[PDB]
Amino acid sequence: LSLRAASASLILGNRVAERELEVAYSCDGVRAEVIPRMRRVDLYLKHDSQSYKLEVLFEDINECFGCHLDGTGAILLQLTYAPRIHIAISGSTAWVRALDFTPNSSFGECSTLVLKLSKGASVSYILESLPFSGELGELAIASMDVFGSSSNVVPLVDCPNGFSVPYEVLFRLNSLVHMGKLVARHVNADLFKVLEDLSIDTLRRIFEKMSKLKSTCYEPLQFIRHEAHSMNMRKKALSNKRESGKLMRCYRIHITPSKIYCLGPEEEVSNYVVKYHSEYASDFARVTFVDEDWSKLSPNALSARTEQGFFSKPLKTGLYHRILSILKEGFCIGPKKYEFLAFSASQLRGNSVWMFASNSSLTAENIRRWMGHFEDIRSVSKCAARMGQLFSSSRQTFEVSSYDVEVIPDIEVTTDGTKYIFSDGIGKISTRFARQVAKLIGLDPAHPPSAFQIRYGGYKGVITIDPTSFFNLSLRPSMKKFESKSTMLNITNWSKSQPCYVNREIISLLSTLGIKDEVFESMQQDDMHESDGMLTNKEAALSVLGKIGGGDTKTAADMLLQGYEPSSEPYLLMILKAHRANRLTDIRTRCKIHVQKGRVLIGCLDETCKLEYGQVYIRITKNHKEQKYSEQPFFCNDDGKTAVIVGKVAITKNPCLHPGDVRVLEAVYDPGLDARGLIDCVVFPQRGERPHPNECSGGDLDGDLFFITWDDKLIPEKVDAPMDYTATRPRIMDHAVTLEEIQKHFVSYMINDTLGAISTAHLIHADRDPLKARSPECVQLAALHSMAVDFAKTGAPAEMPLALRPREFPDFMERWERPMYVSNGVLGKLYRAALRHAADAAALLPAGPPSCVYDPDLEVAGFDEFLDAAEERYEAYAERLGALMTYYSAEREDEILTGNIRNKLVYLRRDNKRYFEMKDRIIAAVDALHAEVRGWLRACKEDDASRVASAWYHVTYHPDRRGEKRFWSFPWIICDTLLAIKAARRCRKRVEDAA
């Protein structure tokens, strides 16, 4: 009872106007079925020689319509995303993943579909299971005549020869055509004329405005001309549109297996090359090969091994060859054609690639040759990884002269014919140079981070401070992965006292050792109670906030410390509710529960050779939650702000899949090692028969991250033996550095890598078995995982034997598309506890009237002016943040302020890594925005900052002047200097107001 079939024709096309339906393709016999059980509409198709399938979901259709035609009733499906296209090769009645079939490549151009009826029969008109949205006009039109090819990349649009527009506006018009807000063939010469008449910022703003509508703009001339008339009169001009050269705009480009998809040039942190070739920044393209609806391209979309043709040789379905060709040759976009450049490790996991538009004064080969001397490497995967090494998002400091850097003999050791490099990925650095670096990357010069994960020249390691003078930093003969002429040292990131979080993997790996689940339940319960109390208590909110990074949390912390409360401020209310909801959902779906006794720190290595093997050194900074109870049995020294762990402490690093990747080690307190200023480094042994980090899952100090905890209930008693890594010794052939080899290995990684699959299968077999880490399944999957993550150095095939891939799935993943089953392990029990807590405690409606009142205290009596001089600035900030909100598909100021969206998109519900990447991008964009706003503030007179901030507050809160706006968070954006006058309001400013 899950079928509503029909047999009708098909009309792929666009809408010239509201009711002018243009067609560019025709095919009959299309079998239209609908199944709501998976939210899908399917179109079986029969093209000239074979069969095809057009699947679509409901989370991508925009509207639907009815009769509105001459012959029969149709349905106009406007699609935000193209429909998935499959073919059949096997021989059964096994699908496939292949690209389109149209002769003139019309499957990407026309973004609308017309599923007509079968009026001769009109079999059960299926408006059923389709969310109807508005009716329409009348019959269809004709005269589609593009017939272009455009380097097999479609759809695009180019400026006719009689014009000259900047590349940004052309890219933006193309992206608008892609999203469906602009009509394809409505961009004539007159449109280009009226656009070239304007400026660039005006075009930008008008595109941000029109990019909001849920439907196409059939009269673009009208819209552009009217808004150009309007924008010219709110005010003429503005002030300081921008002043500082922050993070740069990337032109992201998705390449679906059927069509291209531009994305507006968005603020983003740049790697070394992009910022180096500064004025060519409008040519680099971080093109990411994605699946149909921007979800990551599944490895089953490049090969399938169809069951009707079950065998080896996974046959590399046509999408493989499409990606290969489009990466080899390239594609044209208006004036410039893009040729492949490179890809980094992060981009390799993220299914990305950097491409460049070769031209006169620069070319991709020139780029790769300016990078370094990769002419001798006789191995493909090492070559790929080394070439990508210089493509990591970094905050470049100045350059390092060739005399300052100097190699120091790396610490090697041999154990019974087995080599072991101790310090592979870490070098010294002076305190003075470290302070300088910390100054130029926005940190505390008085408290330089003890180490920095960096990639400099042909080295990729971690520079760790040391108080011995007479040098600049260091080198090491184990860091040089290739030779190059670069001088500028980059900064991937630095070390920080990040609060530890036990993910599902770590929880499983600790439960398998013997740590009873009761402590896990206790910690989860403590966190739920604390988060729930955060809505109405000062200390509770401070506590739940302290474990969340971001400037918004610092502002809210200062606000709470200064004596405010949710009932008083609505901005604090919104931010607190958003953070609380995010934390609750996160603890539910990911088990990312806080652990008050622990941390996550980057690796480190001892230099004094003083501490013995089997014991590490740790020294962290006490946080706000531990400024109350500073008398604990696991602290050795104490300087008020920092402390030293002494108890038997466990340490591992994620992904941790084998029992033994965790190690329970003692902790000591060397007066010399403490005098050496090191802090929040997990100082490891320089001696012993084996390096301790190598006893972890993969193991090294190449900027990894160890979760390390000293809770007496989490430490295991006995521990399995550490593993041995020696697995690969790779060298094959081809004796050359041809770029085609790079492309082939890249697509090979794409087709073979199954990292997430291995991790989740490890978790599944861990929970579904009594040993929980020591099953043959678990150890085999651990070895295979260590071989698959061994891709970025060896390139071995990451085969995943289907004898382990789970057709089933337990409950604690919340995925509602696969066979479920209730769990009994500790992860499933913790998730059930969290879910019952949510359902059981979901009682907030009995709170009260959370309506706010404009605090009659926070103001300055001399502020009657500056109302008109600040309302315009607030409108500017509001429209900018609204553009940012509509771009990232946010709906209210909270989800974009926090950096997490509520009405999730289809390509983030499934993915987690790319979702964290998008979260980081949002956080960086919002940080840039707040920096710009703080600059606006520092643009006014220093003796006027309090007055103008109070004017901001009074014009955004007092309901006499704020009834239509929807953004409260403006003034508190400078709270660090606003609520300070609060102290002036309460330091003998009245009769007895505070004294």
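What is the distance, in nm, between label points placed 7 Å from the Cα along the Cα-to-Cβ direction at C67 and at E814?
Between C67 and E814, the simple spin-label model gives 4.6 nm.
With the cut-off at 1.5 for a/c, could you classify region 248-371 from its C-alpha gyration tensor as rounded, prolate or oblate?
Verdict is prolate for region 248-371.
Net charge near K713, counting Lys/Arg +1 and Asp/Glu -1 over other residues with Cβ under 14 Å of its Cβ?
Computed value for this residue: -4.
Using unit Cβ charges (K, R positive; D, E negative) and no other charged atoms, how large, in debye to the nearest 20, is the dipole of the chain about its Cα centre?
720 debye
Rounding to the nearest 20 debye, state how big the charge dipole of region 629-683 is about its Cα centre with +1 on each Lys and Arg Cβ and -1 on each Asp and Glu Cβ.
Here region 629-683 has a charge dipole of around 220 debye.
Under the rule of at least 5 residues apart or a separate chain, name every residue whose amide H is placed under 5 Å from the amide H of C64.
So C64 has HN proximity to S133.
Please express the shape of region 868-985 as an equivalent ellipsoid: the semi-axes are the square roots of 5 times the eigenvalues of the C-alpha gyration tensor, given largest first in whole angstrom.
Largest first, region 868-985 gives 30, 16, 12 Å.
Can you give the extra length, in nm with one decimal, that the chain gains between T414 and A581 once fully stretched, where that is 0.36 nm per residue apart less the Cα-Cα distance?
That works out to 54.9 nm of additional length.
Could you tell me which GluC sites (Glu not before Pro) in region 177-247 are loop residues by DSSP with no more than 11 other beta carbons within 10 angstrom of their beta carbon?
Passing sites in region 177-247 are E243.
Starting from the Cα coordinates of the chain, work out the convex hull volume and express it per residue in Å³.
202 Å³
Please sort 72-84, 538-550 by packing, taking for each peptide the average over its residues of neighbouring beta carbons within 10 angstrom, highest first.
Going from most to least packed, we get 72-84, 538-550.
Over the chain, what is the percentage of antiparallel beta bridges among all DSSP beta bridges, to the nearest 5?
85 percent
Under a point-charge model restricted to the Cβ atoms of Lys and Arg (+1) and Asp and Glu (-1), what is the dipole moment magnitude of region 662-740 relative to its Cα centre, in debye to the nearest 20?
I would put it at about 220 debye.
Quick check on region 236-383: of the DSSP beta bridges with both residues there, what percent are antiparallel, nearest 5%?
Taking every DSSP beta bridge within region 236-383, about 90 percent pair in antiparallel fashion.
For region 412-494, compute the orientation-averaged projected area of the C-alpha convex hull (one quarter of its surface), in nm².
6.4 nm²
Pull out the extension gain between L443 and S851, defined as 0.36 nm times the separation in residues minus the alpha carbon to alpha carbon distance; nm, one decimal.
So the chain would gain 143.0 nm between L443 and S851.
Rounded, prolate or oblate, given the Cα gyration tensor of region 167-234, with a/c below 1.5 counting as rounded?
Rounded is the answer for region 167-234, as its axis ratio a/c remains below 1.5.
Compare the Cα positions of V273, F65, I333 along the charge dipole of the chain (+1 at Cβ of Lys, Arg; -1 at Cβ of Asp, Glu; about the Cα centre) and return the one farthest towards the positive end.
My answer, from the dipole projection, is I333.
Only bridges with both residues in region 602-709 count here: give the DSSP antiparallel percent, nearest 5.
Taking every DSSP beta bridge with both residues in region 602-709, the antiparallel ones total about 70 percent.
Averaging the inverse of every distinct alpha carbon separation and then flipping it gives the Kirkwood radius. What is it for region 501-594, in angstrom units?
Taking every pair of different Cα atoms in region 501-594, averaging 1/r and inverting gives 14.2 Å.
Do the sum for the chain: with -39,500 (n - 2.57) for every DSSP H run of n ≥ 4, divided by all residues, what is the mean residue ellipticity at 222 nm, to the nearest 500 deg cm²/dmol?
After summing the helix terms and dividing by the residues of the chain, the value is -9500 deg cm²/dmol.
If I take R0 = 51 Å and measure r between the Cβ atoms of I141 and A838 in this structure, what FRET efficiency does the formula 1/(1 + (r/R0)^6) give, to the nearest 0.05?
0.45
Using label points projected 7 Å from each Cα along Cα→Cβ, tell me how many nm separate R305 and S118, to one decimal.
Result: 3.9 nm between the two label points.
Can you find, among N824, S759, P849, the residue farthest towards the positive end of the dipole of region 740-855? Put +1 on the C-beta of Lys and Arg, -1 on that of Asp and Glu.
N824
Identify the GluC sites (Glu not before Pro) of region 630-731 meeting these criteria: DSSP loop state and at most 15 other C-beta atoms within 10 Å of the C-beta.
Loop-located and lightly packed - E631, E689, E717.
Starting from the Cα of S215, move 7 Å in the Cα-to-Cβ direction to define the label point; list residues of region 167-199 whose amide nitrogen is under 20 Å from there.
Within reach of a label on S215, which here means backbone N under 20 Å from a point 7 Å along Cα→Cβ, region 167-199 contributes 176-187.
I'd like the FRET efficiency for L324 and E279, computed as 1/(1 + (r/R0)^6) with the beta carbon distance as r and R0 of 30 Å, rounded to 0.05.
0.40
Any read-out appearing in this document is the output of simple, stated calculations on the displayed coordinates, not a laboratory observation. Cβ: placed from backbone, ideal geometry, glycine included. Neighbour counts: every protein chain shown.
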